[PDB]
Amino acid sequence: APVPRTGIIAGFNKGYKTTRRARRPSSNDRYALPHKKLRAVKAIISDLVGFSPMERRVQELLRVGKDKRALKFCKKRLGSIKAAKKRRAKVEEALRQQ
Amino acid sequence: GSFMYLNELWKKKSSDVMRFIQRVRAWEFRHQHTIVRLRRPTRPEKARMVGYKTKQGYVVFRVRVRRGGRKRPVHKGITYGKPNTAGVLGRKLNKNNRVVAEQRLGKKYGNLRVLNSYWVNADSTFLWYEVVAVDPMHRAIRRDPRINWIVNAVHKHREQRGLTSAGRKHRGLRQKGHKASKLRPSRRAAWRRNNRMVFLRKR
Amino acid sequence: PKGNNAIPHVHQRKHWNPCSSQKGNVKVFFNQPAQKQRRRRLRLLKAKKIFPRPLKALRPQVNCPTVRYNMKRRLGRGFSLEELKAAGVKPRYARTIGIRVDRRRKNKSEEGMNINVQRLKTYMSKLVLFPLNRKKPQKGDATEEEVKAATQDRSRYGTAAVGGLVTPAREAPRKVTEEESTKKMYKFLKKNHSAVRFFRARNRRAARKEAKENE
Amino acid sequence: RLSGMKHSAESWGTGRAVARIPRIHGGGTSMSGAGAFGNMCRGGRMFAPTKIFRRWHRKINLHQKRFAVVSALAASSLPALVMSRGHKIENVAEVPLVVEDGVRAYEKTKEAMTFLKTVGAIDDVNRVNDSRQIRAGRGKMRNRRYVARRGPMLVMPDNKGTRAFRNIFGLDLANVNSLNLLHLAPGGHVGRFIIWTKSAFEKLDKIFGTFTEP
Amino acid sequence: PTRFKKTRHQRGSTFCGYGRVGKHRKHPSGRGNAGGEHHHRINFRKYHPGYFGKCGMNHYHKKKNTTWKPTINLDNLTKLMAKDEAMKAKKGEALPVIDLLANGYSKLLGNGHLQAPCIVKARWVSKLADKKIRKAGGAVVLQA
RNA sequence: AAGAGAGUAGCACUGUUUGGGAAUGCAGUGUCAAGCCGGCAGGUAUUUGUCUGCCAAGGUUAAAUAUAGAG
RNA sequence: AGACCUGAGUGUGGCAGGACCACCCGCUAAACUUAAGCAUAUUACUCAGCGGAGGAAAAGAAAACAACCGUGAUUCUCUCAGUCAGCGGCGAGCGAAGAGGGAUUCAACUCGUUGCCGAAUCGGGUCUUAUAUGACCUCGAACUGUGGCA
Ligand SMILES: [K+]
Ligand SMILES: [Mg+2]
Ligand SMILES: [Mg+2]
Ligand SMILES: [Mg+2]
Ligand SMILES: [Mg+2]
Ligand SMILES: [Mg+2]
Ligand SMILES: [Mg+2]
Ligand SMILES: [Mg+2]
Ligand SMILES: [Mg+2]
Ligand SMILES: [Mg+2]
Ligand SMILES: [Mg+2]
Ligand SMILES: [Mg+2]
Ligand SMILES: [Mg+2]
Ligand SMILES: [Mg+2]
Ligand SMILES: [Mg+2]
Ligand SMILES: [Mg+2]
Ligand code: NA
């Protein structure tokens, strides 16, 4: 239920008055849902091939206790702070579950 | 299905097992010719993704190209004119190596039609791509509604005109909207549109 | 000697003029009246061949974007899926009886949907829909008499079935109330405008004032 | 765009006791060493070659175009101006001349000729017939061999009923729904002789309006 | 037309109005706007004082449809009323309703003497315009 | 009940191109993702939180357009 | 001794090669000139060079605009606009896009992938007046996946 607009050109909820309608569902909203089968397949492959030289470096830094240095290493390799934070979280989970 | 496991395995090119397999293959490729015909593709899942089918009339080749930048072919490294045009080693070609591999196969075997290509391997001095081609005179190709469009004469040597996926990449056709306004039909067509002098009858 | 003139910016420093050494880059319009005749002749030929179908398929009514054209109406590309469902026609079937369908458009409002639904219902009642084979007519198909009594729409916009665009009517003269004669309209409008304009400055002042409450 | 410049010509320079105009290369043709590329040279390029993007056409204000048509129509109602332009109207009963609608049902050219002689308009068409002659000058080489003068103009309510009046030399047909200023004032001079049909005459008030009614 | 030009009058003058001294040569003083600060400085400073230099902030990707806002004054309102409705508008009687958006106007300004009371629908309004129309006997209705 | 194109997109250096301006597009090398709080775009750089629109990395497709030294 | 994999020789049936090149697609790519000098800039992402098609080519079905009362593939035209957008020894100069009125428009489809099947597919031979989207055979190709349904 979108917020009804006022009748004027300025302020909060400005604009011409109509009867707004809610957004229709789409097939594009299936993205952002969990992918259980895709996740299970990735787990099988990750078990088979193991770790990588980049992940071993992050493993050692986390073991010592240099979390900030681990993020700096990941950010340089992956080029994005969001990508770097996801990589560090994944290695932390794997070490805990091992 | 089995596609997912093959697809996810090829997303781990940095693992120990994948690096071992690629290292042995690269050594084998180093001792072959520049162009080699294959009975079956080495990445069947990737080949089918870009338009390969296990049927008569489809062929696969492996093509080798040399890595590095381009060197201007000027005698003794002497350029003339303004100093803005100097430089012999630091300039780069304006088309990618994926499309150079396709054009080399196309110009060599003129009775085939190039369809697509994909990445296979690399080393310190060489790059390897696999190219999918179709024979347009075969009965099975000409009677297949999904592929017989390539028989028409307007698709001759489509890789030399930059109409493949790799050719579209360096033309800027992966972009739309405000990021591609000056090259959208083509770079030349946009320039002609913006630079011709217009004379209306009653101005 | 130059005097008091404007500074020229004529923009003519490239090789556009055809000469003994240049191909040039020009465009002229000497074919304008001939092309006008050609387009009309093709339209007349197409009408004769497709008779008695209308030349233009049905199209919806949409609102122009941007505050400059906020109040105007025009013709869109095709009817939306929600409009078709409300009218009661399948999208694939509707395309075979001269109705344009656009799957990208969304409604976001009820006034726009109701207008376009009304257009579809008016058009469906005026359709004739010749039977596939005359010997065996199916359900909801025009009889022979309606078939021979059929004409062709020629309107450049396909309005012979529904009509023109619809806008609200102008207000009649009326009498001023006394709230209208006492309210200060600039004061009302300015206060609302200032709430958005100085939202950030007011928030910072509140935060500093709240911070001075550590006691 | 290439005319007169399709040579590989070059100036000889000073010190050869000749003018500095560019000259033609080669030998053995009697053209070698001759002048080239100049607007003063034989076989050279003309000065300021003509281009196709010259402004051939013109724009005219809509109100001014309607003003001219109205003025040229009012001039046709004055017999002094009609005679001054050159028409022979000495036998015409009245000006402007209005005739019955029955002339639209004619089908034979002989009937049209009899009608023209009855209303006294045959003198002007005879004047056009005698004036036919071969044009003087280069114009007769360019599909303009014959010239003639302009006769009367007959105005009809539409573009129908003209079979009997076509093929008569020296007569012009017009439609009241679209009057042409190039026909109402030939050569820029007002006072054309016009014959009106009753149906076309009665539409003038609606087409042009009055001084108060639009 | 070529027959009205000065070149027709100059056939036989040998110099066409450019002088025996000085002559008519190609591009003395340079091409275009060259020399704006050397040997053409006096002309530029005298007639175009604000040509060289910068001023103000920048605005990337300006969309002029967002800033569309035409204005009309209080003294020109009768140009939009019906040809009859004016001249018989009173204080406490029925009054014509004017919509500025339908006529292509956005803001109402308050210059001049109002000639007839009315009800005006507008997007923006100035403080003086609101005061004057209220005193006359009209009103302003805000619209979006 | 599931899924939707990986040395791909991104990042660094270098070069070129653009009106695109703390970087519009592209190329070479190095590095190299996400998808149990996804990805791309929203014309001033960074970190964090909302909102809006879309869902790349495979393919075909008439008409309205050009013929600037062709047949 | 025999399979599979990789690779040769011959035979049968086919295709490529050169020309044209005004317009079109991809690469490569100047200088004269202007700046009253000149090196960044400009001429110009132009001329010259190499490759490739057609009767047109290219583009085309949103990882698009916008910030509204919202539009809805591509192409072209007027206009936006020589721009109180922007770039530039901020000099000489250069320079677009959304929106709006139109031309055209019964304009849209598909592979891989996911789920259910699993040679139902292809080539060759014979027959039906038929090198059938038909039928029968085929220790031929194809299960390292051709086809059919959602
Ligand atoms: K990459
Ligand atoms: Mg033409
Ligand atoms: Mg020449
Ligand atoms: Mg000559
Ligand atoms: Mg002088
Ligand atoms: Mg002197
Ligand atoms: Mg995708
Ligand atoms: Mg295409
Ligand atoms: Mg050739
Ligand atoms: Mg040809
Ligand atoms: Mg020159
Ligand atoms: Mg100079
Ligand atoms: Mg010099
Ligand atoms: Mg060239
Ligand atoms: Mg095409
Ligand atoms: Mg430029
Ligand atoms: Na000079």
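Rule-based calculations on the coordinates, nothing more; no lab input. With ideal geometry, Cβ positions are generated from the backbone for all residues, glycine too; neighbour counts draw on all protein chains shown.
Quick notes on this structure:
- The ranking of B:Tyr5, E:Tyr18, B:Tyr58 by Cβ neighbour count inside 10 Å, starting from the fewest, reads E:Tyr18, B:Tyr5, B:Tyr58.
- The share of alpha-carbon pairs in chain C lying farther apart than 30 Å comes to 61%.
- With semi-axes defined as the square roots of five times the eigenvalues of the C-alpha gyration tensor, the equivalent ellipsoid of the stretch D:3-69 measures 48, 12, 8 Å, largest first.
- Under the shape rule built on the C-alpha gyration tensor, where the axes satisfy a ≥ b ≥ c, chain B is oblate, since a/c reaches at least 1.5 while a/b does not exceed b/c.
- Residues whose placed amide H lies under 5 Å from that of C:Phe79, excluding near-sequence neighbours: C:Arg100, C:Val101, C:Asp102
- Taken about its Cα centre, the protein assembly as shown carries a charge dipole of roughly 5460 debye when the Cβ of each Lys and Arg holds +1 and the Cβ of each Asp and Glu holds -1.
- Spatial separation of Cα centroids for the stretch D:142-214 and the stretch B:132-187, in angstrom: 62
- Vicinal HN-Hα couplings computed from phi for the stretch D:128-145 (Karplus, 6.51 cos²θ - 1.76 cosθ + 1.60; Hz; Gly/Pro x): 5, 4, 6, 7, 4, 7, 7, 5, 8, x, 5, x, 6, 8, 10, 6, 9, 5
- Longest site-free stretch - chain A; sites: chymotrypsin sites (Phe, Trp or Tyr not before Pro), DSSP loop, at most 13 other Cβ within 10 Å: A:32-98
- Legend: mean number of C-beta atoms from other chains within 10 angstrom of residue C-beta atoms, peptide E:90-99, equals 3.
- Considering only D:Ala148, D:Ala34, D:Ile168, and ranking their Cα positions along the charge dipole of chain D that arises from unit charges at the beta-carbon of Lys, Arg, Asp and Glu, the one farthest toward the positive end is D:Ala34.
- Projecting the Cα atoms of B:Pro44, E:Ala34, D:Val92 onto the charge dipole of the protein assembly as shown (Cβ charges, centred on the Cα centre) puts B:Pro44 farthest toward the positive pole.
- If you wrap the Cα atoms of the stretch B:64-144 in a convex hull and average its projected area over all directions, you get 8.0 nm².
- The Rg/Rh ratio of the stretch C:120-177, with both radii computed over alpha carbons and Rh defined as the Kirkwood radius, is 1.30.
- Neighbour-limited loop hits for trypsin sites (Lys or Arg not before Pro), the stretch D:69-150 (at most 16 other Cβ within 10 Å; DSSP other than H, G, I, E, B): D:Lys108, D:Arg132, D:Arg135, D:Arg142, D:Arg144, D:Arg145, D:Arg149
- Given 13 as the ceiling on other Cβ atoms within 10 Å, longest exposed-site-free region of chain D for GluC sites (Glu not before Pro) in DSSP loops: D:108-214
- For the protein assembly as shown, alpha-carbon Rg over 2.2 N^0.38 Å: 1.45
- Selection from C:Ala207, C:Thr143, C:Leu129 lying farthest towards where the dipole of the stretch C:121-215 points positive, charges on Cβ: C:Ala207
- Computed magnitude of the charge dipole of chain B (debye, nearest 20; Cβ of K, R +1, Cβ of D, E -1): 1340
- Euclidean distance of C-alpha centroids, the stretch C:189-215 and the stretch C:103-124, integer Å: 44
- Debye log10 I(q)/I(0) for the stretch E:22-139, one point scatterer per Cα, at q = 0.14, 0.20, 0.21, 0.22 Å⁻¹: -0.70, -1.06, -1.13, -1.19
- q = 0.08, 0.10, 0.11, 0.12 Å⁻¹: log10 I(q)/I(0) that the Debye formula gives for chain D, counting C-alpha atoms only: -0.51, -0.62, -0.68, -0.75
- Peptide E:123-134, shielding by other chains (average Cβ, 10 Å cutoff): 4
- If you take the Cα centroid of the stretch D:70-133 and the Cα centroid of the stretch A:1-70, the two points sit 90 Å apart.
- Residue ranges E:68-81, B:31-44 sort as E:68-81, B:31-44 when ordered by packing (mean number of other C-beta atoms within 10 Å per residue, highest first).
- Helix-only [θ]222 nm of chain C, DSSP H runs n ≥ 4, -39500 (n - 2.57) each, per residue, nearest 500: -11000 deg cm²/dmol
- Taking the helices alone, chain A has a mean residue ellipticity at 222 nm of -18000 deg cm²/dmol, built from -39,500 (n - 2.57) per DSSP H run of at least 4 residues and averaged over all its residues.
- For the stretch C:148-215, applying the loop criterion from DSSP together with a ceiling of 16 other beta carbons within 10 Å to the chymotrypsin sites (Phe, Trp or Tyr not before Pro) yields C:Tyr157, C:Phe198.
- The stretch D:103-214, relative contact order in percent, only Cα pairs under 8 angstrom and at least six apart counted: 25
- Taking the DSSP bridge list for the protein assembly as shown and keeping only pairs wholly inside it, about 55 percent are antiparallel.
- Cα-Cα over 18 Å, subset of A:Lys17/E:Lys132; C:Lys46/C:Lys135; B:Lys107/B:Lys156; A:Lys17/E:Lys64; E:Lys90/E:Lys132; C:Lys175/E:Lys91: A:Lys17/E:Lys132; C:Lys46/C:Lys135; A:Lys17/E:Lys64
- Estimated purely from DSSP H runs of n ≥ 4, each contributing -39500 (n - 2.57), the mean residue ellipticity at 222 nm for chain B is -8000 deg cm²/dmol once divided by its residues.
- Relative contact order (%) - criterion: Cα under 8 Å, at least six apart; region: the stretch C:41-178: 26
- Computed Kirkwood radius, in angstrom, where 1/r is averaged over Cα pairs of chain A: 17.9
- Sequence-ordered 3J(HN,Hα) estimates for the stretch D:43-52 from the Karplus curve with 6.51, -1.76 and 1.60 and θ = phi - 60° stand at x, x, 8, 6, 6, 6, x, 6, 10, 8 Hz, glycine and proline given as x.
- Normalised alpha carbon radius of gyration of the stretch B:49-96 [divisor 2.2 N^0.38 Å]: 2.05
- Within 10 Å of each Cβ in C:173-179, the average number of Cβ atoms from other chains: 5
- Over 29 Å apart at the Cα level, from the set C:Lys121/E:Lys63; C:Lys106/E:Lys63; D:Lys59/E:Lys62; C:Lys2/E:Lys6; C:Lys106/C:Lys126, are C:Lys121/E:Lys63; D:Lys59/E:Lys62.
- About the Cα centre, charge dipole magnitude for the stretch B:1-88 (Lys/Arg +1, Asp/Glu -1 at Cβ), debye: 280
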